[PDB]
Ligand SMILES: Nc1ncnc2c1ncn2[C@@H]1O[C@H](COP(=O)(O)OP(=O)(O)O)[C@@H](O)[C@H]1O
């Protein structure tokens, strides 16, 4: 009937509001910390919203939908994964009082879609475009958008890695980017972090052997995937062992059995073999390794699946399996190998990979004490992420609360100008846009209502004036502070929030189960 | 403002009478006190920065 769907909608709205209010005092650089307690008694201090959203667990359709929305927002854009929850909560709080009066959800959804389209068009018409066909303007935009993510010393430390990673000019200013398609940043322990340089081909870190000379050029990779494990017995001891007889049998089975397979395999050119991880093999027979020491020995272990996928994509080959194989589709490229250490500990080999169809290049970073390596990794990750976000479009704008107030005033004037019963619903959107500046003013340590009123008055008087400052603690113009953000991080977020609100509003009736 | 080396009397352990801790007192390293004050301030700031402890 009508009471059951109304109660279901009220319960869903209450659950969504509780989920949104469980975390709210964390937006901005001056956010509060939270100590999450584990099930065993361990406590962990954190302040990121994504970690708290992915760590906690709760069974509810609205909570699962919000988690999926946050995950999609973090995957698509990559920044600002906490404002969408507040936007959805404000929209649901507005829809609550909209439905309390007696309005059909179809008109409310149409008004929300119209308001979203108007806000998107206003954000696109207000933002200013830039250029990026050359390298000077691109480097200027990079150094202008990179000096506002972390602290000053960390920024100065990551600037060399940033300008080394931004030099990867492969796509000639296309529509989309492939920064997540052919990038494999490895990590190496030991040495100095200053010894970093872009490396093509392939980089490994496992010792080949320990014999005489191993400086050859035979494809430098063994395309083999068949089983190399020893045939396991049916039980411990099949018979009674004491004197000879049984000793000679096992001796011949250990010496004159796998050696025949090694001989029949080594009859083909390019004697390069390897193996994957030693997660299922108990112990490898060293007699086979001693017999393989002659006529050139080359073996590399500790190989994962991602390494195989990277090698099969950079070179441009396909692995083969099975034993009955009389083809010749397993060779590679021969150029140069056999590398030594770079004045320090830790074995690491590099291959530049000359004359190869795949121009994939990675960055080999280092560090010490496992303290500046992960930080630099996260820094270059955020760097290439914001670089891809900037190269995806061309529009940019500054943050602080001014665009939110501008959009709220525009929606208010549009609802005042546009006629129809839906305009009231549009007015609800006008009351669901002044949450970020109020939260920022509350977290800064000033009066939020007075600051919001002053910002609204300044926007109504001189259009584009200033916003909300954090370092100084007042109202200063943003043009002096080097801080900007792309337009996609707002447009995509607003569209996703509107879609989630429409999906959670269109779902009602009864919730049957099995 | 008359001087900075004198007029720095303190407490005494033998009895409850102020005694000048210059002609017969025991000096203490200032770096130790500075590090202790810095650690105390850091601990106070860390404790005050903690909001809630609920499993979120
Ligand atoms: N330098 C700055 N000056 C003013 N506001 C800032 C500055 N840096 C960040 N902010 C504000 O902080 C908000 C984001 O805070 P936070 O949630 O900690 O980061 P994220 O959204 O990337 O997770 C943004 O809305 C932005 O307005």
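What ranking do A:287-296, B:9-18, A:17-26 get when scored by the average of other Cβ atoms within 10 Å per residue, highest first? Walk me through the intermediate numbers first.
On the way: A:287-296: 13.1, B:9-18: 8.7, A:17-26: 16.7.
Going by the mean number of other Cβ atoms within 10 Å, highest first, we get A:17-26, A:287-296, B:9-18.
Across the residues of A:26-36, average count of Cβ atoms on other protein chains within 10 Å?
Going residue by residue through A:26-36 and averaging, the value is 3.
Would the stretch A:261-313 count as rounded, prolate or oblate if I go by the C-alpha gyration tensor, calling it rounded below 1.5 in a/c and otherwise prolate when a/b exceeds b/c, oblate otherwise? Mind dumping the intermediate values first?
Working: a/c = 2.48, a/b = 1.35, b/c = 1.84.
Because a/c hits 1.5 or more and a/b fails to exceed b/c, the stretch A:261-313 counts as oblate.
Hey, what angle do you get for helix B:30-49 against the long axis of chain B, alpha-carbon based, 0 to 90 degrees rounded to 10?
With both axes taken from Cα atoms, the answer is about 30 degrees.
Binned at 10 Å from 0, what are the whole-percent values of the Cα-Cα distance distribution for the stretch A:325-466, short to long?
Result returned by the calculation: 8, 19, 19, 16, 11, 12, 11, 4, 0.
Relative contact order for the stretch A:198-359 using alpha-carbon pairs under 8 Å, separation at least 6, rounded to a whole percent?
Working: 175 pairs, mean separation 75.2, N = 162.
After rounding, I find 46 percent.
So, in Å, what gap is there between the alpha-carbon centers of the stretch A:151-192 and the stretch A:301-350?
Cα centroid to Cα centroid, the span is 24 Å.
Quote the Stokes-Einstein diffusion coefficient, in whole µm² s⁻¹, for the stretch A:129-222, based on the Kirkwood radius over alpha carbon pairs, a temperature of 20 °C and a viscosity of 1.002 mPa s. Please list the in-between numbers first.
Details: Rh = 17.3 Å.
It diffuses with D of about 124 µm²/s by this estimate.
Could you give me D for the stretch A:409-471, from Stokes-Einstein at 37 °C and 0.692 mPa s, where the hydrodynamic radius is the Kirkwood radius over C-alpha pairs? Units µm² s⁻¹, please.
Details: Rh = 13.0 Å.
Diffusion coefficient, whole number: 253 µm²/s.
Summarise the partner chain shielding of B:49-55 as one whole number: the mean count of Cβ atoms from other chains within 10 Å of each residue's Cβ. Don't skip to the answer; put the middle values down first.
Values: counts 5, 5, 8, 6, 6, 5, 9.
For peptide B:49-55, the averaged partner shielding equals 6.
What Kirkwood hydrodynamic radius, in Å, does the stretch A:199-253 give when the mean of 1/r is taken over all pairs of distinct Cα atoms and then inverted? Please list the in-between numbers first.
Working: mean 1/r = 0.0600 Å⁻¹.
Across the stretch A:199-253, the inverse of the average 1/r is 16.7 Å.
Given N residues in chain A, what is its alpha carbon radius of gyration divided by 2.2 N^0.38 Å?
The reported ratio for this selection is 1.32.
Report, in cubic angstrom per residue, the convex hull volume of the C-alpha atoms of the stretch A:156-199. Could you put the intermediate results ahead of the total?
Numbers: hull volume 4.3 nm³, N = 44.
Measuring per residue, one finds 99 Å³ for the Cα hull of the stretch A:156-199.
Take every residue in peptide A:43-50, count the Cβ atoms of other chains within 10 Å of its Cβ, and give the average of those counts. Working shown, then result.
Details: counts 2, 0, 4, 1, 2, 0, 0, 0.
Taking the mean over all residues of the peptide, I get 1.
Among the DSSP beta bridges whose two residues both lie in the protein assembly as shown, what percent are antiparallel, rounded to the nearest 5? Could the numbers behind the result be given before it?
Numbers: 16 of 19 bridges.
Taking every DSSP beta bridge with both residues in the protein assembly as shown, the antiparallel ones total about 85 percent.
Taking other Cβ within 10 Å of each residue's Cβ, how do A:155, A:415 sort, fewest first?
On the way: A:155 16, A:415 23.
Neighbour counts put them in this order, fewest first: A:155, A:415.
Mind ordering B:23-33, A:434-444, A:189-199, A:353-363 by average Cβ neighbours within 10 Å, highest first?
Details: B:23-33: 8.2, A:434-444: 19.7, A:189-199: 13.3, A:353-363: 15.0.
Packing proxy ranking, top to bottom: A:434-444, A:353-363, A:189-199, B:23-33.
Under the definition of Cα pairs under 8 Å and six or more residues apart, what whole-number percent is the relative contact order of chain A? Write down the numbers at each step before the final one.
Working: 564 pairs, mean separation 136.4, N = 514.
Across chain A, relative contact order equals 27 percent.
Identify the residues of the stretch A:295-314 with backbone N under 16 Å of a label point that sits 7 angstrom from the Cα of residue A:280 along the Cα-to-Cβ direction, or state none.
Counting only backbone N, you get A:302-306.
Using only alpha carbons, build the gyration tensor for the stretch A:198-359 and give me the equivalent ellipsoid semi-axes, biggest first, whole Å. Walk me through the intermediate numbers first.
Details: eigenvalues 232, 66, 47 Å².
Calculated on Cα positions only, the semi-axes equal 34, 18, 15 Å.
Over the alpha carbons of chain B, what is the largest minus smallest coordinate on each principal axis, giving the biggest first in Å?
60, 27, 22
If you fit an axis through the alpha-carbon atoms of helix A:488-506 and take the longest principal axis of the Cα set of chain A, what angle between them do you get, 0 to 90°, nearest 10?
80 degrees
So how do A:445-457, A:239-251, A:383-395, A:489-501 stack up, highest first, on mean other-Cβ count within 10 Å?
Working: A:445-457: 14.5, A:239-251: 10.1, A:383-395: 18.3, A:489-501: 20.4.
My ranking of the peptides, most packed first, is A:489-501, A:383-395, A:445-457, A:239-251.
Could you state the angle between the C-alpha long axis of helix A:402-417 and the longest principal axis of the C-alpha atoms of chain A, as a value from 0 to 90 degrees rounded to the nearest 10?
50 degrees
We did not get these values from a lab; they are worked out from the coordinates using the rules stated. Neighbour counts are summed over all protein chains in view; Cβ atoms, including those assigned to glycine, are modelled from backbone coordinates with ideal geometry.
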